[PDB]
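Just the one chain here, the form solved without this ligand, laid out as structure tokens.
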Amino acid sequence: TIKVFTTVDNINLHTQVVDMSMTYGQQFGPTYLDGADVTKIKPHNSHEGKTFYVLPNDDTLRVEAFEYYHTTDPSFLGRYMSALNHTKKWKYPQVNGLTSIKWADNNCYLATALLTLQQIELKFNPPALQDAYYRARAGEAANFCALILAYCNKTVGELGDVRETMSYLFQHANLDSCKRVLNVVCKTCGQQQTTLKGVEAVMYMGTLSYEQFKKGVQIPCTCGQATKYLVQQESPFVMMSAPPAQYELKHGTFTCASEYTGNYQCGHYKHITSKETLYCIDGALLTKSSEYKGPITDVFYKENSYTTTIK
């Protein structure tokens, strides 16, 4: 008979006494140790005092599980623990003062998202996400990467899109303050104004240039081709996306960007960031140049309060 600690958040620890003849799953339900499914294993003696994650099976654990993760999905813990088993074996080197990921298990898109998050202002709503976000900025990003996979319903090895991953993550962040007022002008229908809030205020799909979005873009009207342009923008950042195309990035005009080379889904991501010069982060590899032209699909810009001067 050894004594262990059960938890769902690694904050509120619940003390439990176990028998070494019954498997952990027989006594606690699905039980994990550092991501490893210990349901069908029996209590060994090094397990004394260690803390185990358990699937919630009473109301106290169910409430604590939501407080930390903001989900009642019973599959979340297993998908989280399954991803953590891999991500804690990845390497997280510091590259140009940023935490990256050494290439493994098709994690190129995760590294790009991880690098981008360290350069934009964002507060996550689930304490689980915010706490691991902090530890990731400090170099320990294994837990943060596993959570990203779980929250995106993706598995280790699956092929991932950075824009899609950021969008999922943005929906779990406090972007209530973010506002985007747009104006569409049609030669016949007229002129109409719509205001966006939250995730749609900080993302646009169609062009990489924030300036071009300010000047206006050609979009079809409900009558059949108008023009939409940005009127007001109140967000700490914006994300501009377009299907991969050749694009020139100039030092000091953007924060960071996603480079995508190769076939749809089968390709590989690289990360470009603007510092004193242009830097390219490819997992553990770093290169720098003063100019850059290449296939870009996301560009991130800084923002605070913008109001247009078009009459």
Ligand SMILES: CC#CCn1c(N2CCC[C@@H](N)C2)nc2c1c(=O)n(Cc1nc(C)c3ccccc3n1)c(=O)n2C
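Numbers for residues come from their place in the sequence shown, where the first is 1.
Below: the form solved in complex with this ligand, not depicted.
With the partner omitted from this view, the residue of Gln232, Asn125, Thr195, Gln192 that lies near this ligand in the deposited complex is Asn125 [heavy atom within 4.5 Å].
For the options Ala173, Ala141, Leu117, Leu149, the one in contact with this ligand in the deposited complex, meaning a heavy atom within 4.5 Å, is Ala173. Contact with this ligand, judged by heavy atoms within 4.5 Å in the deposited complex, is confined among 271-279, 26-34, 44-52, 63-71 to 63-71.
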